[PDB]
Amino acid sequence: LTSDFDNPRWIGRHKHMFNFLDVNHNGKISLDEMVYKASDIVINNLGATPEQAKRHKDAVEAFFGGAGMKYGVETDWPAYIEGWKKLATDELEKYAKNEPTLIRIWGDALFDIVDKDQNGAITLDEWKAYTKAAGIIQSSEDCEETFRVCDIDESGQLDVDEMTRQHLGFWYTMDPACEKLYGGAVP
């Protein structure tokens, strides 16, 4: 429901992600890298069309732009987490006005690519395909946890509306009910 920026676990969740994103361990990451990673995944691993990839890129671009990242600029850890506070509150503000959040826009873009039927719902195998391609999750075990937490069994599908809700609490408010959204892959 609300921000929780001084919760060491909120900082830890994003510190983990920051380190996951800083593959070359430069201690900084740029928007160029983020958008490269986003498009490399959908085009080279998930077979998205140029149009789909484009929509997905614009979404990823806005997402990390909301955290203050920019092209031709390297964001270090301190700026990153500070910038994340702003992203989180802006997202919360959009939420309040029933305005599409940046994370919502991303999900829609991504699910249209990952969902074979292009309906906004993906299977456990599709979730695994995406998560393991991006690297955010490494084991099938942690991917199942996602469904266990979203309340969808191995045969049902994860819907974007439901996942969005999960992300609001996982990434923005530290909602206790969203713990283990990514199994043990993300603190």
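Rigid core: the largest C-alpha set superposing within 1.5 Å between the two forms. Residue numbers run from 1 along the displayed sequence.
J.: Given a rigid core fit, name the stretch, 177-185 or 1-9, whose C-alphas are on average farther from the form shown here in 7 other deposited structures of this protein.
T.: Clearly, after the core fit, the stretch farther away in 7 other deposited structures of this protein is 1-9.
J.: Give, as the answer, the stretch of 117-125 and 154-162 that departs more from the shown form in 7 other deposited structures of this protein; the measure is RMS Cα distance after a core fit.
T.: With the rigid core superposed, the C-alphas that lie farther in 7 other deposited structures of this protein are those of 154-162.
J.: May I ask you to compare 114-122 and 25-33 by their mean CA B factor in the entry and name the higher one?
T.: Result: 114-122.
J.: On mean C-alpha B-factor from the PDB entry, just flag whether 66-74 or 139-147 is the higher one.
T.: For C-alpha atoms only, the mean B-factor is higher in 139-147.
J.: Say you rank 60, 134, 160, 43 by Cα B-factor from the PDB entry; which sits at the top?
T.: When the deposited C-alpha B-factors of 60, 134, 160, 43 are compared, 160 is largest.
J.: C-alpha B factor of residue 11, ranked within the chain: lowest, middle or highest third?
T.: Ranked within chain, residue 11 CA B lands in the middle tercile.
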